[PDB]
file final.pdb (PDB, C-alpha atoms)
ATOM      1  CA  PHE O   9      11.115 -13.942 -21.292
ATOM      2  CA  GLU O  10       7.664 -12.831 -22.372
ATOM      3  CA  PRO O  11       5.826 -11.502 -19.341
ATOM      4  CA  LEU O  12       3.013 -13.745 -17.959
ATOM      5  CA  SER O  13       4.154 -16.657 -20.149
ATOM      6  CA  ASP O  14       4.445 -20.311 -19.188
ATOM      7  CA  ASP O  15       8.201 -19.827 -19.850
ATOM      8  CA  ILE O  16       8.870 -17.010 -17.346
ATOM      9  CA  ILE O  17       6.961 -19.075 -14.739
ATOM     10  CA  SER O  18       9.073 -22.157 -15.433
ATOM     11  CA  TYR O  19      12.271 -20.098 -15.212
ATOM     12  CA  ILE O  20      11.246 -18.820 -11.778
ATOM     13  CA  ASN O  21      10.220 -22.229 -10.447
ATOM     14  CA  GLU O  22      13.423 -23.901 -11.672
ATOM     15  CA  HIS O  23      15.656 -21.061 -10.473
ATOM     16  CA  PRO O  24      17.838 -22.116  -7.534
ATOM     17  CA  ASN O  25      17.249 -19.900  -4.509
ATOM     18  CA  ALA O  26      14.583 -17.618  -6.007
ATOM     19  CA  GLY O  27      12.878 -17.785  -2.604
ATOM     20  CA  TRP O  28       9.437 -17.448  -4.155
ATOM     21  CA  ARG O  29       7.009 -19.362  -6.348
ATOM     22  CA  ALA O  30       5.403 -18.351  -9.658
ATOM     23  CA  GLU O  31       1.877 -19.195 -10.866
ATOM     24  CA  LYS O  32      -0.234 -18.331 -13.957
ATOM     25  CA  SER O  33      -1.733 -14.943 -13.150
ATOM     26  CA  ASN O  34      -5.448 -14.820 -12.343
ATOM     27  CA  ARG O  35      -5.543 -11.017 -12.553
ATOM     28  CA  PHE O  36      -3.391  -9.826 -15.465
ATOM     29  CA  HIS O  37      -3.821 -10.990 -19.061
ATOM     30  CA  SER O  38      -1.258  -8.656 -20.662
ATOM     31  CA  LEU O  39       1.426  -6.109 -19.729
ATOM     32  CA  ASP O  40      -1.325  -3.549 -20.296
ATOM     33  CA  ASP O  41      -3.593  -5.146 -17.697
ATOM     34  CA  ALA O  42      -0.853  -4.686 -15.043
ATOM     35  CA  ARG O  43       0.326  -1.184 -16.086
ATOM     36  CA  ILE O  44      -3.197   0.114 -15.336
ATOM     37  CA  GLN O  45      -3.281  -1.640 -11.932
ATOM     38  CA  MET O  46      -0.365   0.087 -10.256
ATOM     39  CA  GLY O  47      -0.011   3.823  -9.646
ATOM     40  CA  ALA O  48       2.997   5.203  -7.813
ATOM     41  CA  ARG O  49       5.969   7.382  -8.851
ATOM     42  CA  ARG O  50       8.948   8.550  -6.763
ATOM     43  CA  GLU O  51       8.555  12.004  -5.206
ATOM     44  CA  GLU O  52      11.076  14.578  -6.420
ATOM     45  CA  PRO O  53      13.993  14.078  -3.968
ATOM     46  CA  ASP O  54      14.199  17.773  -2.968
ATOM     47  CA  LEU O  55      10.434  18.303  -2.620
ATOM     48  CA  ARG O  56      10.016  15.067  -0.617
ATOM     49  CA  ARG O  57      12.863  16.238   1.629
ATOM     50  CA  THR O  58      11.486  19.785   2.056
ATOM     51  CA  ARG O  59       7.686  19.160   2.304
ATOM     52  CA  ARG O  60       7.679  17.155   5.585
ATOM     53  CA  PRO O  61      10.245  15.931   8.165
ATOM     54  CA  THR O  62      12.101  12.579   8.074
ATOM     55  CA  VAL O  63      11.668  10.394  11.191
ATOM     56  CA  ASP O  64      14.298   7.834  12.206
ATOM     57  CA  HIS O  65      13.469   7.106  15.830
ATOM     58  CA  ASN O  66      17.253   7.154  16.552
ATOM     59  CA  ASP O  67      16.532   8.534  20.034
ATOM     60  CA  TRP O  68      14.289   5.535  20.822
ATOM     61  CA  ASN O  69      16.714   2.752  21.899
ATOM     62  CA  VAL O  70      14.258  -0.145  21.957
ATOM     63  CA  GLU O  71      14.718  -3.854  21.269
ATOM     64  CA  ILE O  72      13.341  -4.701  17.828
ATOM     65  CA  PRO O  73      11.596  -8.091  17.741
ATOM     66  CA  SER O  74      12.726 -10.518  15.037
ATOM     67  CA  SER O  75       9.117 -10.607  13.809
ATOM     68  CA  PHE O  76       6.101  -8.372  14.097
ATOM     69  CA  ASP O  77       2.483  -8.442  12.889
ATOM     70  CA  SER O  78       0.244  -5.400  13.348
ATOM     71  CA  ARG O  79      -2.776  -7.739  13.260
ATOM     72  CA  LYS O  80      -1.406  -9.420  16.387
ATOM     73  CA  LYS O  81      -0.526  -6.276  18.332
ATOM     74  CA  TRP O  82      -3.823  -4.540  17.591
ATOM     75  CA  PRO O  83      -6.214  -7.441  16.855
ATOM     76  CA  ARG O  84      -9.353  -5.404  17.386
ATOM     77  CA  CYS O  85      -8.643  -2.900  14.614
ATOM     78  CA  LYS O  86     -10.369  -4.731  11.767
ATOM     79  CA  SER O  87      -9.016  -2.504   8.969
ATOM     80  CA  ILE O  88      -5.490  -3.925   9.527
ATOM     81  CA  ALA O  89      -6.645  -7.361   8.309
ATOM     82  CA  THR O  90      -8.851  -5.850   5.603
ATOM     83  CA  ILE O  91      -7.629  -6.349   2.036
ATOM     84  CA  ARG O  92      -8.931  -3.883  -0.595
ATOM     85  CA  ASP O  93      -9.148  -4.032  -4.431
ATOM     86  CA  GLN O  94      -8.186  -0.939  -6.510
ATOM     87  CA  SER O  95      -9.798  -2.289  -9.733
ATOM     88  CA  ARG O  96      -8.398  -1.207 -13.122
ATOM     89  CA  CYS O  97      -7.382   2.241 -11.826
ATOM     90  CA  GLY O  98      -3.744   3.060 -11.125
ATOM     91  CA  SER O  99      -4.477   4.346  -7.654
ATOM     92  CA  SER O 100      -2.306   2.246  -5.333
ATOM     93  CA  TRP O 101      -0.916   5.589  -4.117
ATOM     94  CA  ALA O 102      -4.344   6.432  -2.685
ATOM     95  CA  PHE O 103      -5.106   2.889  -1.529
ATOM     96  CA  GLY O 104      -1.827   2.462   0.398
ATOM     97  CA  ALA O 105      -2.511   5.791   2.123
ATOM     98  CA  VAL O 106      -6.213   5.356   3.158
ATOM     99  CA  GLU O 107      -5.509   1.783   4.356
ATOM    100  CA  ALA O 108      -2.643   2.747   6.721
ATOM    101  CA  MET O 109      -4.517   5.886   7.729
ATOM    102  CA  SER O 110      -7.576   3.791   8.712
ATOM    103  CA  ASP O 111      -5.273   1.448  10.616
ATOM    104  CA  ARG O 112      -3.621   4.273  12.522
ATOM    105  CA  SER O 113      -6.920   6.054  13.306
ATOM    106  CA  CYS O 114      -7.909   2.932  15.268
ATOM    107  CA  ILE O 115      -4.450   2.038  16.642
ATOM    108  CA  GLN O 116      -3.440   5.550  17.760
ATOM    109  CA  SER O 117      -6.789   6.209  19.476
ATOM    110  CA  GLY O 118      -6.953   2.969  21.476
ATOM    111  CA  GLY O 119      -9.854   1.862  19.254
ATOM    112  CA  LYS O 120     -12.245   4.718  20.130
ATOM    113  CA  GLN O 121     -12.352   5.484  16.405
ATOM    114  CA  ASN O 122     -12.952   2.591  13.989
ATOM    115  CA  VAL O 123     -13.212   3.784  10.401
ATOM    116  CA  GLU O 124     -12.851   2.987   6.685
ATOM    117  CA  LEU O 125     -11.423   6.015   4.885
ATOM    118  CA  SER O 126     -12.654   6.680   1.317
ATOM    119  CA  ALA O 127     -10.099   5.806  -1.381
ATOM    120  CA  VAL O 128     -11.999   7.805  -4.074
ATOM    121  CA  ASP O 129     -11.998  10.991  -1.995
ATOM    122  CA  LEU O 130      -8.214  11.075  -1.772
ATOM    123  CA  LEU O 131      -7.587  10.029  -5.352
ATOM    124  CA  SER O 132     -10.293  12.277  -6.835
ATOM    125  CA  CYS O 133      -9.774  15.351  -4.637
ATOM    126  CA  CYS O 134      -5.988  15.523  -4.105
ATOM    127  CA  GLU O 135      -4.533  17.747  -6.842
ATOM    128  CA  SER O 136      -0.972  17.852  -5.462
ATOM    129  CA  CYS O 137      -0.897  14.033  -5.304
ATOM    130  CA  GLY O 138      -0.436  13.453  -9.065
ATOM    131  CA  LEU O 139      -2.698  11.954 -11.721
ATOM    132  CA  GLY O 140      -5.304   9.893  -9.795
ATOM    133  CA  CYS O 141      -6.017   6.679 -11.740
ATOM    134  CA  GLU O 142      -2.894   7.430 -13.811
ATOM    135  CA  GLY O 143      -0.520   7.010 -10.869
ATOM    136  CA  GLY O 144       0.507   9.055  -7.878
ATOM    137  CA  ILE O 145       2.778  10.145  -5.102
ATOM    138  CA  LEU O 146       2.861   9.007  -1.462
ATOM    139  CA  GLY O 147       4.047  12.086   0.506
ATOM    140  CA  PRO O 148       1.358  14.529  -0.779
ATOM    141  CA  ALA O 149      -1.352  11.934   0.028
ATOM    142  CA  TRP O 150      -0.388  12.168   3.685
ATOM    143  CA  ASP O 151       0.055  15.974   3.632
ATOM    144  CA  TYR O 152      -3.459  16.059   2.216
ATOM    145  CA  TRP O 153      -4.803  13.857   5.037
ATOM    146  CA  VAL O 154      -3.401  16.394   7.509
ATOM    147  CA  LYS O 155      -4.430  19.611   5.766
ATOM    148  CA  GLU O 156      -7.713  18.646   4.111
ATOM    149  CA  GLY O 157      -8.834  15.313   5.607
ATOM    150  CA  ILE O 158     -10.463  12.267   4.015
ATOM    151  CA  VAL O 159     -14.075  11.111   4.393
ATOM    152  CA  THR O 160     -15.427   7.620   5.132
ATOM    153  CA  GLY O 161     -15.972   5.122   2.329
ATOM    154  CA  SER O 162     -16.106   1.359   1.839
ATOM    155  CA  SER O 163     -15.554  -0.874  -1.199
ATOM    156  CA  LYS O 164     -18.146  -0.545  -3.999
ATOM    157  CA  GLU O 165     -19.596  -3.868  -2.825
ATOM    158  CA  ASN O 166     -20.255  -2.614   0.726
ATOM    159  CA  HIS O 167     -22.069   0.718   0.016
ATOM    160  CA  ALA O 168     -21.027   2.237   3.355
ATOM    161  CA  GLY O 169     -19.924   5.668   4.479
ATOM    162  CA  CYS O 170     -19.675   8.938   2.588
ATOM    163  CA  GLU O 171     -17.950   7.893  -0.657
ATOM    164  CA  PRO O 172     -17.574   4.130  -1.346
ATOM    165  CA  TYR O 173     -15.228   3.119  -4.179
ATOM    166  CA  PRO O 174     -17.029   3.542  -7.536
ATOM    167  CA  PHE O 175     -15.152   0.651  -9.214
ATOM    168  CA  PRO O 176     -15.867  -3.039  -8.502
ATOM    169  CA  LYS O 177     -13.378  -5.653  -7.235
ATOM    170  CA  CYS O 178     -12.070  -7.951  -9.984
ATOM    171  CA  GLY O 190     -13.237  -6.568 -17.803
ATOM    172  CA  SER O 191     -11.247  -4.563 -20.345
ATOM    173  CA  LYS O 192     -12.417  -1.180 -18.964
ATOM    174  CA  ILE O 193      -9.754   1.441 -18.214
ATOM    175  CA  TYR O 194     -11.011   3.638 -15.381
ATOM    176  CA  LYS O 195     -10.788   7.406 -15.569
ATOM    177  CA  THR O 196     -10.294   9.394 -12.369
ATOM    178  CA  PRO O 197     -13.713  10.556 -11.143
ATOM    179  CA  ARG O 198     -14.249  14.273 -10.539
ATOM    180  CA  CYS O 199     -13.925  15.475  -6.929
ATOM    181  CA  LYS O 200     -17.337  15.604  -5.295
ATOM    182  CA  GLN O 201     -17.927  17.216  -1.919
ATOM    183  CA  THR O 202     -21.153  15.310  -1.399
ATOM    184  CA  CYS O 203     -21.698  11.897   0.196
ATOM    185  CA  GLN O 204     -24.062   9.183  -1.003
ATOM    186  CA  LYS O 205     -27.781   9.917  -0.447
ATOM    187  CA  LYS O 206     -28.150   7.270   2.268
ATOM    188  CA  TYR O 207     -25.177   8.376   4.387
ATOM    189  CA  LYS O 208     -26.704  11.126   6.501
ATOM    190  CA  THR O 209     -23.582  12.678   8.083
ATOM    191  CA  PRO O 210     -22.550  15.648   5.877
ATOM    192  CA  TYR O 211     -19.305  15.536   3.847
ATOM    193  CA  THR O 212     -17.514  18.425   5.585
ATOM    194  CA  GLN O 213     -18.254  16.889   9.028
ATOM    195  CA  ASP O 214     -17.232  13.423   7.774
ATOM    196  CA  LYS O 215     -13.627  14.602   7.153
ATOM    197  CA  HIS O 216     -11.032  12.716   9.211
ATOM    198  CA  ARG O 217      -7.765  14.622   9.513
ATOM    199  CA  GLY O 218      -4.260  13.590  10.521
ATOM    200  CA  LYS O 219      -2.238  15.747  12.871
ATOM    201  CA  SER O 220       1.112  15.042  11.154
ATOM    202  CA  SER O 221       2.800  13.425   8.141
ATOM    203  CA  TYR O 222       6.419  12.425   7.494
ATOM    204  CA  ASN O 223       8.976  10.461   5.586
ATOM    205  CA  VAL O 224      10.497   7.485   7.276
ATOM    206  CA  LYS O 225      14.212   7.225   6.726
ATOM    207  CA  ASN O 226      15.421   4.627   4.245
ATOM    208  CA  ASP O 227      16.638   2.499   7.165
ATOM    209  CA  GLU O 228      15.335  -0.954   8.198
ATOM    210  CA  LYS O 229      15.345  -0.395  11.980
ATOM    211  CA  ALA O 230      13.729   3.035  11.503
ATOM    212  CA  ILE O 231      10.870   1.569   9.450
ATOM    213  CA  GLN O 232      10.583  -1.277  12.004
ATOM    214  CA  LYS O 233      10.278   1.044  15.036
ATOM    215  CA  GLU O 234       7.710   3.213  13.236
ATOM    216  CA  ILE O 235       5.353   0.270  12.388
ATOM    217  CA  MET O 236       5.510  -1.412  15.801
ATOM    218  CA  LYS O 237       4.770   1.783  17.702
ATOM    219  CA  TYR O 238       2.486   3.751  15.351
ATOM    220  CA  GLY O 239       1.058   1.125  12.983
ATOM    221  CA  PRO O 240       1.232   0.079   9.314
ATOM    222  CA  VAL O 241       3.156   2.395   6.957
ATOM    223  CA  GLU O 242       2.755   3.121   3.266
ATOM    224  CA  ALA O 243       5.712   2.369   0.951
ATOM    225  CA  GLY O 244       6.512   2.244  -2.760
ATOM    226  CA  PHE O 245       8.415  -0.296  -4.839
ATOM    227  CA  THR O 246       9.430  -0.973  -8.441
ATOM    228  CA  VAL O 247       7.520  -3.793 -10.140
ATOM    229  CA  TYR O 248       9.488  -5.923 -12.556
ATOM    230  CA  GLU O 249       7.856  -8.284 -14.984
ATOM    231  CA  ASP O 250       8.454 -11.363 -12.827
ATOM    232  CA  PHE O 251       6.380  -9.872 -10.005
ATOM    233  CA  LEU O 252       3.246 -10.295 -12.158
ATOM    234  CA  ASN O 253       3.383 -14.072 -11.607
ATOM    235  CA  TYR O 254       4.269 -14.058  -7.911
ATOM    236  CA  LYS O 255       1.938 -16.293  -5.943
ATOM    237  CA  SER O 256       3.790 -17.168  -2.720
ATOM    238  CA  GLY O 257       7.016 -16.838  -0.787
ATOM    239  CA  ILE O 258       9.496 -14.000  -0.341
ATOM    240  CA  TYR O 259       9.768 -11.950  -3.501
ATOM    241  CA  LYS O 260      13.003 -10.699  -5.003
ATOM    242  CA  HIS O 261      13.548  -9.528  -8.600
ATOM    243  CA  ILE O 262      15.059 -12.320 -10.697
ATOM    244  CA  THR O 263      14.192 -11.299 -14.253
ATOM    245  CA  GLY O 264      12.086  -8.930 -16.362
ATOM    246  CA  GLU O 265      12.299  -5.158 -16.513
ATOM    247  CA  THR O 266      10.470  -2.286 -14.841
ATOM    248  CA  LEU O 267       6.756  -1.848 -15.366
ATOM    249  CA  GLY O 268       6.648   1.202 -13.080
ATOM    250  CA  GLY O 269       6.114   1.842  -9.358
ATOM    251  CA  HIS O 270       3.521   0.511  -6.970
ATOM    252  CA  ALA O 271       2.383   1.575  -3.525
ATOM    253  CA  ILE O 272       1.444  -0.825  -0.755
ATOM    254  CA  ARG O 273       1.061  -1.136   3.032
ATOM    255  CA  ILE O 274       3.767  -2.662   5.245
ATOM    256  CA  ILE O 275       2.100  -4.267   8.300
ATOM    257  CA  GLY O 276       5.132  -6.066   9.732
ATOM    258  CA  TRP O 277       8.006  -8.442   9.137
ATOM    259  CA  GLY O 278       9.680 -11.784   9.904
ATOM    260  CA  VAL O 279      12.077 -14.484   8.762
ATOM    261  CA  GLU O 280      11.489 -17.756   6.860
ATOM    262  CA  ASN O 281      14.252 -20.323   6.206
ATOM    263  CA  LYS O 282      16.931 -17.790   7.252
ATOM    264  CA  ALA O 283      15.636 -15.125   4.855
ATOM    265  CA  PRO O 284      14.322 -11.782   6.279
ATOM    266  CA  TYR O 285      11.108 -10.195   4.869
ATOM    267  CA  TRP O 286       8.521  -7.435   5.078
ATOM    268  CA  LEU O 287       4.863  -8.471   5.380
ATOM    269  CA  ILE O 288       2.836  -6.309   2.985
ATOM    270  CA  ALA O 289      -0.839  -5.910   2.132
ATOM    271  CA  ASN O 290      -1.338  -5.444  -1.630
ATOM    272  CA  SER O 291      -4.467  -3.880  -3.133
ATOM    273  CA  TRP O 292      -5.546  -6.553  -5.619
ATOM    274  CA  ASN O 293      -8.091  -8.312  -3.317
ATOM    275  CA  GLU O 294      -7.759 -11.357  -1.037
ATOM    276  CA  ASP O 295      -7.499 -13.897  -3.893
ATOM    277  CA  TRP O 296      -4.197 -12.359  -5.047
ATOM    278  CA  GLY O 297      -0.851 -13.622  -3.724
ATOM    279  CA  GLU O 298      -0.737 -14.830  -0.120
ATOM    280  CA  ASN O 299      -4.425 -14.213   0.825
ATOM    281  CA  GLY O 300      -4.086 -10.609  -0.417
ATOM    282  CA  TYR O 301      -0.645 -10.082   1.079
ATOM    283  CA  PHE O 302       2.866 -10.602  -0.152
ATOM    284  CA  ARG O 303       6.340 -10.889   1.322
ATOM    285  CA  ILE O 304       9.517  -9.375  -0.085
ATOM    286  CA  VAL O 305      13.222  -9.276   0.836
ATOM    287  CA  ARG O 306      13.925  -6.916   3.772
ATOM    288  CA  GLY O 307      17.106  -5.048   4.657
ATOM    289  CA  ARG O 308      18.416  -4.866   1.082
ATOM    290  CA  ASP O 309      16.198  -2.042  -0.276
ATOM    291  CA  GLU O 310      14.797  -4.696  -2.693
ATOM    292  CA  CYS O 311      13.015  -2.952  -5.605
ATOM    293  CA  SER O 312      13.283   0.253  -3.530
ATOM    294  CA  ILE O 313      10.753  -0.968  -0.928
ATOM    295  CA  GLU O 314      12.702   0.775   1.824
ATOM    296  CA  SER O 315      13.359   4.000  -0.187
ATOM    297  CA  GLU O 316      10.062   5.870  -0.030
ATOM    298  CA  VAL O 317       8.298   4.784   3.215
ATOM    299  CA  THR O 318       5.641   7.335   4.182
ATOM    300  CA  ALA O 319       3.378   7.883   7.168
ATOM    301  CA  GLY O 320       1.792  10.221   9.754
ATOM    302  CA  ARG O 321      -0.093  10.398  13.101
ATOM    303  CA  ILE O 322      -3.512  11.501  14.435
ATOM    304  CA  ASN O 323      -2.078  12.982  17.639
TER     305      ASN O 323
END

call {"tool": "encode", "arguments": {"input": "final.pdb", "output": "structure tokens"}}
result
Amino acid sequence: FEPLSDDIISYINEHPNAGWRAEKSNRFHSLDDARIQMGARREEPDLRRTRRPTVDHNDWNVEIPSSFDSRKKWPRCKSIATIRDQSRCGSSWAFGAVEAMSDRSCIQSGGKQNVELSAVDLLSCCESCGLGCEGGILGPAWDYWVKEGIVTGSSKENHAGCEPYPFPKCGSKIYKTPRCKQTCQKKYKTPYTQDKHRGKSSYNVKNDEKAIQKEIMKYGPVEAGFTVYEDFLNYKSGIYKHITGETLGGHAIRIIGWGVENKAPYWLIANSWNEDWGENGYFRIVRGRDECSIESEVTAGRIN
């Protein structure tokens, strides 16, 4: 099937037991449109393995609930329910990171901190993280948060904090990574170096369902990567699994919990294509099967 065609949509909607529903995309008009709006690549297996530890929470013998929603456990951390838009910049690697990091800053401090970390700062300033708007790597984003820190910064539309996103929420423009500045916006009086929020640790989470589950419910939303196939471009609702189409590359998102619908287990994930995309900004995807490698590259860290 041609991607984003009436025909691929029809195939999906007539497919027995797809588990999800396709709709004409309101964001992508070509394969090119979507290629630019992603931005994750697997970390080299050895480097990933040797740069930070791998947590499994084996030694924590807790009951895992059949469903969990970070928004429910920590309702007063507003960032958890905040959906961002990456624009036409392949920076989902940075977005996934700063989102979960903002979550955890609130969660792991009992709400004493409540902050929006600047996407542009991580994607512009992190050299070891990859190619900025041309795609990136999860692990080094978190190592960076620890070593260097990330400043405050809202969406373009909000104009808040040190470095708000310089690209607007959804033309044909292809955004080039901005140069790393170490200055805030004129109006934001707190100086850049002071404005740095640092993590105390970063780690891989074992490619293991239970391990990912324990990590989220205790420490908050995690970042993860997955492979996007052509059918994903027309996902609107339901529990995604790959049915047809080939790889378009990798994408990084934020897993905020999980559950089960009509006997089918899923992860609940915030995407970075604004609140009009998918299920009010979120999407669900098969859990426990390593679907599209969603469970392969989970990445996080803590502030204490």

call {"tool": "atom_distance", "arguments": {"input": "final.pdb", "atom1": "atom CA of residue 131 of chain O", "atom2": "atom CA of residue 78 of chain O"}}
result
25.5 Å

call {"tool": "resolve_selection", "arguments": {"input": "final.pdb", "expression": "the PyMOL selection byres ((chain O and resi 253) around 8)", "output": "list in words"}}
result
residues 12, 17, 30, 31, 32, 33, 250, 251, 252, 254 and 255 of chain O

call {"tool": "closest_residue", "arguments": {"input": "final.pdb", "among": "O:128, O:139, O:123, O:275", "to": "residue 237 of chain O", "atoms": "all atoms listed in the file"}}
result
O:275

call {"tool": "axis_aligned_box", "arguments": {"input": "final.pdb", "around": "segment 52-69 of chain O", "padding_each_side": "5 Å", "output": "lines of an AutoDock Vina configuration file"}}
result
center_x = 12.5
center_y = 11.3
center_z = 7.7
size_x = 19.6
size_y = 27.0
size_z = 38.3

call {"tool": "resolve_selection", "arguments": {"input": "final.pdb", "expression": "the PyMOL selection byres ((chain O and resi 258) around 10)", "output": "tab-separated table (two decimals) with C-alpha atoms, in the coordinates of the input"}}
result
chain	number	residue	atom	x	y	z
O	26	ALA	CA	14.58	-17.62	-6.01
O	27	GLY	CA	12.88	-17.78	-2.60
O	28	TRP	CA	9.44	-17.45	-4.16
O	29	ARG	CA	7.01	-19.36	-6.35
O	254	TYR	CA	4.27	-14.06	-7.91
O	255	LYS	CA	1.94	-16.29	-5.94
O	256	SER	CA	3.79	-17.17	-2.72
O	257	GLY	CA	7.02	-16.84	-0.79
O	259	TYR	CA	9.77	-11.95	-3.50
O	260	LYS	CA	13.00	-10.70	-5.00
O	279	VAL	CA	12.08	-14.48	8.76
O	280	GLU	CA	11.49	-17.76	6.86
O	283	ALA	CA	15.64	-15.12	4.86
O	284	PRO	CA	14.32	-11.78	6.28
O	285	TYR	CA	11.11	-10.20	4.87
O	286	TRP	CA	8.52	-7.44	5.08
O	287	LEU	CA	4.86	-8.47	5.38
O	302	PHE	CA	2.87	-10.60	-0.15
O	303	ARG	CA	6.34	-10.89	1.32
O	304	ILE	CA	9.52	-9.38	-0.08
O	305	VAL	CA	13.22	-9.28	0.84
O	306	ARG	CA	13.92	-6.92	3.77

call {"tool": "closest_residue", "arguments": {"input": "final.pdb", "among": "O:69, O:160, O:293, O:246", "to": "residue 265 of chain O", "atoms": "only C-alpha atoms"}}
result
O:246

call {"tool": "resolve_selection", "arguments": {"input": "final.pdb", "expression": "the PyMOL selection byres ((chain O and resi 320) around 6)", "output": "PDB file with C-alpha atoms, keeping the file's coordinate frame"}}
result
ATOM      1  CA  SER O 220       1.112  15.042  11.154  1.00  0.00           C
ATOM      2  CA  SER O 221       2.800  13.425   8.141  1.00  0.00           C
ATOM      3  CA  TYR O 222       6.419  12.425   7.494  1.00  0.00           C
ATOM      4  CA  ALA O 319       3.378   7.883   7.168  1.00  0.00           C
ATOM      5  CA  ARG O 321      -0.093  10.398  13.101  1.00  0.00           C
TER       6      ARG O 321
END

call {"tool": "atom_distance", "arguments": {"input": "final.pdb", "atom1": "atom CA of residue 217 of chain O", "atom2": "atom CA of residue 147 of chain O"}}
result
15.1 Å

call {"tool": "decode", "arguments": {"input": "final.pdb", "residues": "segment 56-77 of chain O", "atoms": "C-alpha atoms", "output": "mmCIF file, in the first residue's frame"}}
result
data_model
loop_
_atom_site.group_PDB
_atom_site.id
_atom_site.type_symbol
_atom_site.label_atom_id
_atom_site.label_comp_id
_atom_site.auth_asym_id
_atom_site.auth_seq_id
_atom_site.Cartn_x
_atom_site.Cartn_y
_atom_site.Cartn_z
ATOM 1 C CA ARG O 56 24.466 1.710 25.859
ATOM 2 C CA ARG O 57 25.490 -1.219 28.073
ATOM 3 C CA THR O 58 28.739 0.416 29.269
ATOM 4 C CA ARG O 59 27.696 4.108 29.671
ATOM 5 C CA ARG O 60 25.134 3.643 32.500
ATOM 6 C CA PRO O 61 23.725 0.756 34.604
ATOM 7 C CA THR O 62 20.654 -1.366 33.738
ATOM 8 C CA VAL O 63 17.903 -1.410 36.404
ATOM 9 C CA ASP O 64 15.482 -4.333 36.715
ATOM 10 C CA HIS O 65 14.022 -3.903 40.184
ATOM 11 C CA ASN O 66 14.322 -7.719 40.623
ATOM 12 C CA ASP O 67 14.960 -7.202 44.347
ATOM 13 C CA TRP O 68 11.654 -5.308 44.711
ATOM 14 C CA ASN O 69 8.983 -8.052 45.055
ATOM 15 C CA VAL O 70 5.890 -5.870 44.739
ATOM 16 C CA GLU O 71 2.436 -6.584 43.323
ATOM 17 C CA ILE O 72 2.097 -4.978 39.894
ATOM 18 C CA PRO O 73 -1.379 -3.531 39.290
ATOM 19 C CA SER O 74 -3.142 -4.616 36.096
ATOM 20 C CA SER O 75 -3.372 -0.931 35.142
ATOM 21 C CA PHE O 76 -1.547 2.228 36.072
ATOM 22 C CA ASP O 77 -1.763 5.922 35.142
#
